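One-letter residues, chain by chain:
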Amino acid sequence: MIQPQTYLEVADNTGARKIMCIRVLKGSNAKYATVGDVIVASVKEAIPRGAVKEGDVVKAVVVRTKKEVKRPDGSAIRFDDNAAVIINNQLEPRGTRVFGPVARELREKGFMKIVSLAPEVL
Amino acid sequence: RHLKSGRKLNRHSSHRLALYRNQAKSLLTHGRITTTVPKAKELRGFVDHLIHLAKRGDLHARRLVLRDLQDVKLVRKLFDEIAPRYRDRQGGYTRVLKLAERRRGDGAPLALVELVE
Amino acid sequence: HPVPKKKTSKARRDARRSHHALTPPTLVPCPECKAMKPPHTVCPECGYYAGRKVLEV
Amino acid sequence: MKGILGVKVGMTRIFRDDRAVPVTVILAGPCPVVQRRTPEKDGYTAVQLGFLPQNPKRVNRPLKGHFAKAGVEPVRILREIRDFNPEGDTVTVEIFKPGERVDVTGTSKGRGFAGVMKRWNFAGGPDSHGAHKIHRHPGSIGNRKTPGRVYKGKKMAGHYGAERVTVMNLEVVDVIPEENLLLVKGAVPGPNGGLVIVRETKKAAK
Amino acid sequence: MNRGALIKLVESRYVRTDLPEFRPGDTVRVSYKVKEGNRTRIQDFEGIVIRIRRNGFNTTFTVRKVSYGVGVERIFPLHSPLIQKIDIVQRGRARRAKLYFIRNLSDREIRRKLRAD
RNA sequence: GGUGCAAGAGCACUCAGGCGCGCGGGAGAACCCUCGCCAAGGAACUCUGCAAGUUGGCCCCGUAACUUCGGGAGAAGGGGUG
RNA sequence: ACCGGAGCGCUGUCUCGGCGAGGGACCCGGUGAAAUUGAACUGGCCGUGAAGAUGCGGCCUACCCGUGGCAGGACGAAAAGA
RNA sequence: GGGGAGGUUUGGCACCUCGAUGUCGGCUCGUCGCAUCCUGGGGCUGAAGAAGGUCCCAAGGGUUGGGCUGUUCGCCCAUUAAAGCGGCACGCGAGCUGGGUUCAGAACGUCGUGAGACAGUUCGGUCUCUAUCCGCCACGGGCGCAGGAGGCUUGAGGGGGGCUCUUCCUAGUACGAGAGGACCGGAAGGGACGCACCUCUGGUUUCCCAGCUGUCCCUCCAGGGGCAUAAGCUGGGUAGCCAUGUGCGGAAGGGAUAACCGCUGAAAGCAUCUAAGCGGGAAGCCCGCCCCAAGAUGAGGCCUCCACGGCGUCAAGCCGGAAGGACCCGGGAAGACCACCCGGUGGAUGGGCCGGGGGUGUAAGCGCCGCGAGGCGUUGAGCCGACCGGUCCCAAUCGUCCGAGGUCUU
């Protein structure tokens, strides 16, 4: 749940799978970011043939190598990082997402097009 | 913040083993010794524990006492003179008493330790 | 470097020292004999609590 | 609205469609002793009583300043204002509806002579740019020549810990009448085996 | 009279009998079945086949941290006497003491070398 | 001086032969000196990655710009060792 | 063993701190110094005074002594201003 | 064009300090003021709605993380309800740093015949272990509160704590051609901060259990010990202590008021919120919520145990309490020493012992398989630091000293 200045993958669009975190994006001193938290980020590793070349974007954080102490107390963690890229209000750059399945990445609930499209094992 | 954690410290962290096993070779030999009282109120957790495995029996006891005394004369004395005599008693074999003179030169009270009949 | 100033009086030099007075010990008699003793120790003239353990056999 | 209590543990059992996180506390039945209402005082209370420590280790003035209502013999006796009891014993099953909101008073755990970094949370010096023999003890305590003194509210290193503290407004999820246990979701301060008193304040509304 | 006597009054209306799933083992492969229930009161009994990695005890057990390699390794601790599950079914038994808390297999990720134990 | 380290006056135990450093005993608070690990993130600290940590011996393969033809080369980067 | 910028590898320098071990500090027996010093029966605020008062004026506060600690004052100490 | 306040800016004058009043920045800790940046309460409009402009009250609470430079300042990227101005010897070095400029070394440009020099530039350069007295944070020892003691307590007074945002019913209507789009009320979740606590998730656990290397010693093989960090190195870890974990919190109410708006109404029988009277009105004041507190010389308030006897008319002089009590011992979730708390054999207070919980992970030996390193059965065994308990086996044996003989009076 820790993102002050971190590299994390994209599992999505760009041309390669790196990013820089800049700022967690809720009110005025937020200091951390769990999942379901739109963060403003900077694309850093290159993009062959071009979509998002070297600007900066905003992304929804998916899994995080840290524990969700869930309401009935299981606790799904992974070993990776990622985030899906969001156009200026709430959408996706394509209709394909390739990271890793349900276990309820839905849990901001402003995002349903991700979890309808977060397919299966790899 | 010492808080529910027993077994007090004296010296160092491996000088204490060579304090225990060097005062436990003398009490079993002589029957009685004379120490300072915070060195005496804690030796009876070790010396009383050796004589319990003494009367237990077999070579898995006399091979386990030998890693704490390392003397094949003290163990073959311990397993037949002081080990038979306590086959009526459930623990508590030692006795520590206070003694009415200080140790002039550094002023520490003494104690008299022996194993009971 | 943290050096003092004005030297203290006799009347306040000898007021700290008011609180350093020491206590006499506590003594009871050995019951098998007739003398003093600190009241939880083996007695080094008359011998014991219950059973000798000391004193010149 | 009252109970004298001995805290035991925190321990959780699944109650609803999630798992809550309660503690487990006991009140074996306190017997009131004195009751003091109108003419000469105003601190009106039924005074309760604890467990049973073996009658002949007890001096005579708490023998017969205790026989006058005839309990047996306590360790501990206490006092909480503004209650009326109709008879000679108060029990667990009478007062607390399972579903109320209650609060808890007890002594803390004594941490000793803790320093500044524990007692008032504030930081210390840095560590590897030249930090000559300060790493954790505070900065200044005042300002030059115009007050000539250091203020008398000031945070400083000193004692800590075992004071009297209280917690507020935590619920009473399920009690058992067979035994005299009681289960509360929360924290309930103290080293366990120590005394805790329980009163109710639901008057805080919305 | 303290916790050893009367918190097993409390917890023994839940684990009086634990709805007895059987033989945890230490290093076996398992497929859980949970009662994930959400989305305006719809339950969805989900199964998950997985390699077990550690467990630790005091009667609020956790048949805890359980990993399987999707391609990103996902790993999922969980309570053992809970009301969530229907049944735990084991597939085969595995070995090699170096008991509870085996965690080499996080970074020794090569599946060719996981099967050499 | 004797064994194991690829060698050796290095490093680790140890023969002969010396010694335990001319104040002690207890409790085990704040704070300072000499140390050991930590997690999620890896320079966001700062005047400066200062300090500390990383790779570290031997063998095999492979090795760039430029050059006063010797050099750059232990370049970099990889596999082996009971 | 020079001085100025940039990347990569790993990290308690940091977000932000936490616990553990030894040598001191703390208590009790033995011996036991030095810089400094007008005399002390050494409170706070408003105001005056050679114009930053514990020693003077008017009001508020304060039972007699000590032991561990933190550094605001005594225009604190040392050096007849380079 | 005219009149003032403030003492925060570069100045004016030279009154204390040359037998010494250590600098600009950066950390760490702060308390204060208002000519208010956000939150809250109001008049006016060239205010239809939502937003805006300027003025009057208001100091409870909050004012983010980064790139360049020594920087205070300034220009920028990303957010936000906003990313305030000022004093406190341009707050703070017997609390820390030494990047800056002007100590000794050296070089570039420029002036000088020359030694040298230049708020013109550039690379290097020693910052001091012991607190006597006021002040502050915590804990003690005596005589006081007029018989001697225990126990539970009321409150004069003082402290801490006080935030704020987003979505959704109202409802997308009132408003307006339309585009757009509310007042008043009503629910839920979230951010920063503060006091407690271990059950979950994570951290430490100097000897609790295993594995491996080198070398001397036990006795040769087996099995063990010492040393190689004040642990030899690696994989694990209970209680204890904490956070990168869980629980709750900041109010509801009551009064008195600020700018503002009124009701009756005179002097001023068309009027006017007035000094006669009465009312409305804010995160600001007082009471409410927790915590110390009769050392509040105004020394508080209640319930219980012992007052037996004397006496020559001075009686502030003896042993003496079923009152009560220190010294001594076995201790502790209390602790720097004292202090507090629980015990002293008609005991369960600590040490050992037995039964569990909990750690590691299948002991030594003999028998089978392989020529040998090893493997396979007895066997989820053996070793077992404090957690919860039952058990006169070992330790608190015996004893010692102080304390009313309730006062002036009827």
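Residues numbered from 1 in each chain as written, not as in the entry; some residues may be left out. Chains lettered and ligands numbered in written order. Part of a larger assembly, values for the part shown. Heavy atoms only, no water.

By the method listed in its record, cryo-EM, this PDB entry was determined to a resolution of 3.60 Å.

**Q** Looking at this structure, I do not really get the pattern of salt bridges. What am I missing?
**A** A pair can form between side chains of opposite charge whenever their charged atoms are brought close. The tally for this structure, following the rule as stated, stands at 18 salt bridges over all chains. We note a salt bridge from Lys77(B) to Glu81(B), for which the minimum N-O separation is 3.1 Å. Notably, a salt bridge pairs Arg85(B) with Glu117(B), separated by 2.4 Å at the nearest N-O pair. Of this pair, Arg85(B) sits in the loop between α6 (74-78) and β2 (94-99) while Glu117(B) sits in the segment after β3 (110-115), and the two are 32 residues apart along the sequence. Relative accessible area serves as the criterion here: at 42%, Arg85(B) is assigned to the partly exposed category. For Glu117(B), a relative accessible area of 66% puts it in the exposed group. It is possible to trace a salt-bridge network through shared partners that takes in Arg78(A), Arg97(A) and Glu105(A). (Salt bridge = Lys/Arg side-chain N within 4 Å of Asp/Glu carboxyl O. Helix = DSSP H or I, 4+ residues; strand = E, 2+ residues; numbered from the N terminus. Buried < 20%, exposed > 50% of the residue type's maximum accessible area, 1.4 Å probe, protein only.)

**Q** What is the right way to look at the protein's contact with RNA strand F in this model?
**A** As a matter of local geometry, RNA strand F sits amid 24 residues, with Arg1(B), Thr36(B), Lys39(B), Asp106(B) and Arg136(D) nearest to it. Backbone atoms, meaning sugar and phosphate, make up 71% of the atoms of RNA strand F lying within 4 Å of the protein. A distance of 3.2 Å separates a sugar or linking oxygen of RNA strand F from a polar atom in the backbone of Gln5(A). Residue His135(D) places a main-chain N or O atom 3.0 Å away from a phosphate oxygen belonging to RNA strand F. Here the surface near RNA strand F is built from residues that sort into 6 nonpolar, 9 polar and 9 charged. (Near = heavy atom within 4 Å. Polar contact = N/O pair within 3.5 Å; in protein donor to acceptor, adjacent residues only side chain to side chain. Nonpolar A, V, L, I, M, F, W, Y, C, P; charged D, E, K, R; others polar.)

**Q** What exactly am I supposed to notice about the protein's contact with RNA strand G here?
**A** Around RNA strand G sit 33 residues in total, of which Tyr32(A), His1(C), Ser9(C), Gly148(D) and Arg149(D) are the nearest. For RNA strand G, the backbone makes up 57% of the atoms found within 4 Å of the protein, where backbone means sugar plus phosphate. Within the backbone of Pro147(D), one N or O atom sits 3.5 Å away from a phosphate oxygen of RNA strand G. Between a phosphate oxygen of RNA strand G and a side-chain N or O atom of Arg149(D), the distance comes to 2.6 Å. A breakdown of the residues in the surface near RNA strand G according to their chemical character gives 9 nonpolar, 11 polar and 13 charged.

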